S.K.: 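This is the structure I have questions about; it appears just below.
Throughout, numbering of the chain's residues begins at 1 and tracks the sequence. One-based numbering, in listed order, for ligands and for the atoms of each. Atom set for the values below is all heavy atoms of this structure, side chains included, hydrogens, waters and symmetry mates excluded.
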Amino acid sequence: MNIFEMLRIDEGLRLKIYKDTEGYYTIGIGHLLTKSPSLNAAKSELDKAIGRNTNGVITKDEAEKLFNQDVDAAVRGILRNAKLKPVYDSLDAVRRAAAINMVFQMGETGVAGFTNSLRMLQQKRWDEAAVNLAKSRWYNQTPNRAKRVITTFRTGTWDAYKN
Ligand SMILES: CCc1ccccc1
């Protein structure tokens, strides 16, 4: 298990434009296209991202290319953020994957808002952090995924992604 496999499990793979859990146009492995309700706007974003005139459909290789870029962007974003970087630096590699997962799902600004959770994670108060993380819109709206990510933060193992 690693961050790519983890996010592939959590996000799935779809080669045609679909709506994500929030109703937003997305493609590939959780590549958000736009928050606009316009499918035409989403298609335009897709074409720009891929570099060709699509039919709203991409190949697996194209989906994986966007995914690579998106994981890289999530990490980059953490490292550029004054609130997130010190917590990320404090974590082991498994828990770092949980952090990347959250930023991939909700963005750098969104995760940086988990101030109290972040402090508990830096303090390595794992059970307390887990409880705090669950007191969130995130957990309520995507509880199964959040439970997997939280278990990863709680235990520093991949147990929630095995079997
Ligand atoms: C709240 C989890 C986290 C920790 C460090 C960096 C980003 C995200």
Side-chain angles (χ1 to χ4, degrees), residues 1-14 18-36 42 45-46 48-49 62-163:
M1 193 55 55
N2 58 58
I3 182 58
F4 289 87
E5 295 185 17
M6 185 200 202
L7 277 165
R8 172 63 183 79
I9 288 163
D10 286 335
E11 298 291 351
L13 170 65
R14 294 181 70 175
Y18 65 97
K19 290 177 181 184
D20 72 9
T21 64
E22 294 293 337
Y24 301 135
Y25 293 119
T26 299
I27 200 162
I29 305 166
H31 182 81
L32 175 65
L33 292 164
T34 182
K35 290 180 181 182
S36 172
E45 289 299 310
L46 178 57
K48 173 166 63 83
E62 284 170 343
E64 290 173 344
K65 185 179 174 72
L66 296 182
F67 184 43
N68 280 325
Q69 292 176 168
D70 292 346
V71 170
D72 205 12
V75 175
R76 253 82 290 274
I78 289 165
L79 297 175
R80 281 174 61 260
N81 186 288
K83 287 156 189 67
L84 302 176
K85 184 182 184 293
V87 185
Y88 185 83
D89 287 343
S90 81
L91 297 170
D92 58 276
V94 177
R95 294 186 172 92
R96 283 178 181 160
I100 298 161
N101 192 306
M102 289 188 75
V103 170
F104 189 103
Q105 188 183 358
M106 70 181 74
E108 167 199 328
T109 307
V111 181
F114 278 72
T115 307
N116 302 321
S117 308
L118 287 162
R119 184 184 303 107
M120 295 177 194
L121 292 169
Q122 191 165 348
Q123 293 172 138
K124 304 193 178 296
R125 291 162 69 205
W126 307 125
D127 285 17
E128 288 165 291
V131 169
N132 191 263
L133 284 159
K135 292 170 182 172
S136 62
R137 180 176 188 278
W138 172 55
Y139 175 93
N140 283 97
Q141 301 304 132
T142 55
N144 284 352
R145 195 226 181 114
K147 284 169 180 178
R148 289 192 292 275
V149 173
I150 293 172
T151 291
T152 309
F153 278 127
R154 186 179 49 86
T155 67
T157 74
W158 293 113
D159 288 1
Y161 290 87
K162 298 294 151 89
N163 140 95

S.K.: Identify which of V149, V111, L133 has a heavy atom lying nearest to atom 8 (C) of ligand 1.
M.R.: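 When every heavy atom of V149, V111, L133 is considered, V111 comes closest to atom 8 (C) of ligand 1.
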
S.K.: Run the numbers for me: atoms of ligand 1, each under 4.0 Å from some heavy atom of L84, listed by number.
M.R.: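 Near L84, the atoms of ligand 1 are 5 (C), 6 (C), 7 (C).
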
S.K.: Any idea which part of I100 is under 4.0 Å from ligand 1, heavy-atom wise: side chain, backbone, both or neither?
M.R.: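 It is neither part, as no heavy atom is under 4.0 Å.
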
S.K.: For ligand 1, which atoms, with element, lie under 4.0 Å from some heavy atom of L121?
M.R.: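 Selected atoms, number and element: 1 (C), 2 (C).
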
S.K.: Atom CZ of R137 and atom CE of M106: how far apart are they, to the nearest 0.5 Å?
M.R.: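 That separation rounds to 10.0 Å.
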
S.K.: Salt bridge or not between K48 and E45? Use side-chain N to carboxylate O under 4.0 Å.
M.R.: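 Yes, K48 and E45 are salt-bridged.
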
S.K.: Using the rule side chain to side chain contact (heavy atoms under 4.5 Å, CB included), only one of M102, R154, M120 pairs with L133; which is it?
M.R.: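 Running side chain to side chain contact (heavy atoms under 4.5 Å, CB included) over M102, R154, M120 with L133 returns exactly one hit, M102.
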
S.K.: Provide the number and element of each atom of ligand 1 under 4.0 Å from a heavy atom of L118.
M.R.: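 Numbered from 1, ligand 1 contributes 1 (C), 3 (C), 4 (C), 5 (C).
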
S.K.: Testing the 3.5 Å rule here: is there a donor-acceptor pair between the side chains of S36 and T34?
M.R.: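 There is no such pair between these side chains.
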
S.K.: List every atom of ligand 1 that sits less than 4.0 Å from any heavy atom of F153, numbering the atoms from 1 in the order shown and giving each element.
M.R.: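 So the atoms of ligand 1 that pass are 2 (C).
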
S.K.: Quick one: do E108 and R76 make a salt bridge, cutoff under 4.0 Å?
M.R.: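 No salt bridge links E108 with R76.
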
S.K.: Check each atom of ligand 1 against the heavy atoms of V87 and keep those under 4.0 Å away; list them by number with element.
M.R.: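 Taking each heavy atom of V87 in turn, ligand 1 has 4 (C), 5 (C) under 4.0 Å.
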
S.K.: Would you check if there is a donor-acceptor pair between the side chains of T26 and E11 at a distance under 3.5 Å?
M.R.: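 No, no side-chain donor-acceptor contact under 3.5 Å.
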
